[PDB]
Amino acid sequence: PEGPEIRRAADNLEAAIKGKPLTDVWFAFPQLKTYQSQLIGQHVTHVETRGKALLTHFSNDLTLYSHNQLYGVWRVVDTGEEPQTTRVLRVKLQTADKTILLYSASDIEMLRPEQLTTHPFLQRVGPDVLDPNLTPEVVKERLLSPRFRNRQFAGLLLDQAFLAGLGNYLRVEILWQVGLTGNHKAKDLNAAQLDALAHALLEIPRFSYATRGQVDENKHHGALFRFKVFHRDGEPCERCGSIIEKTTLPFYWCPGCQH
């Protein structure tokens, strides 16, 4: 989607003030002033990435949404420090030692939990599977949410609105892992299957990412992560021996042990 770049900024912010009691909170926008005193003593629980946007979660359930767009930039300084940048300050989240400042950005809003689901931008891009904060429990929730619970996995696993960081190659491996064909929906699964699928949606993408070697390394060394059905059409399933199939109207799957 954008690589570490997007997740990099979120991590910088977390490292600086995650879990630390806020000693001062300031917002430039008039409609945001009302949340200032309310946040004193609270802390950022985590920073979620959503496309090129950041969702700064607070322990009181409020969430600060920010999209740098063209000029926004977050800076971490020592509490008390006053940068000499001419950029306009929009947000200041201060803790005892570290302070993070958002300059120039215009897309800044405070959201309650129920507003996250209805936010235009957020509806278009879901959480990233490589985000350490994204947990299987959160995944099962999205799968069961009225918005997705009735979508076929074949298309859902290719839709960034559900989860970002997925691709066809990951989609087919994930479904093979839980023995499902692309026509199923989260609403028809039992608790066991749902949990199984929720873990696979994260484990497989992370396993593939963490172990990919350099370019052309495959010429002398096979990767730790091996595809089971992707590009293996015509080969036997390692589980049941059936011949892996590929569609033509690509979904790869074992018709022998996936249904």
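Sequential numbering from 1, following the sequence displayed.
Q: Taking the other compared entries of this protein, do a third or more of them lack coordinates for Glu217?
A: Yes: coordinates for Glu217 absent from at least a third of the compared entries.
Q: Unmodelled stretch from the deposited sequence between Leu249 and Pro250, which bin: none, 1 to 3, 4 to 9, 10 or more?
A: In the record, 1 to 3 residues between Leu249 and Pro250 lack coordinates.
Q: Mean CA B-factor: is it higher for 133-141 or for 172-180?
A: 133-141 has the higher mean C-alpha B-factor.
Q: Output the stretch having the higher mean C-alpha B factor in the entry; the candidates are 19-27 and 5-13.
A: According to the entry, 5-13 carries the higher average C-alpha B-factor.
Q: Highest recorded C-alpha temperature factor, please, choosing from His119, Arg151, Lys92, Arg112.
A: In the PDB entry, the greatest C-alpha B-factor among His119, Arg151, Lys92, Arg112 is found at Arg151.
Q: Among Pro205, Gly41, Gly51, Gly222, single out the one with the highest C-alpha B factor in the record, please.
A: Spelled out: the listed residue with the top C-alpha B-factor is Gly222.
Q: Would you mind checking where the Cα B-factor of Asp107 ranks among the modelled residues of its chain, as the lowest, middle or highest third?
A: Bottom third by C-alpha B-factor.
Q: If you rank the chain by CA B-factor, which third does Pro83 end up in: lowest, middle or highest?
A: Answer is highest: the recorded C-alpha B-factor places it there.
Q: Comparing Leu156 with the other modelled residues of its chain, is its CA B-factor in the lowest, middle or highest third?
A: Middle third.
Q: Ranking the modelled residues of this chain by C-alpha B-factor as given in the entry, is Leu163 in the lowest, middle or highest third?
A: It falls in the bottom third of the chain.
Q: Lowest, middle or highest third of the chain for the C-alpha temperature factor of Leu189?
A: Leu189: CA B-factor falls in the highest third of its chain.
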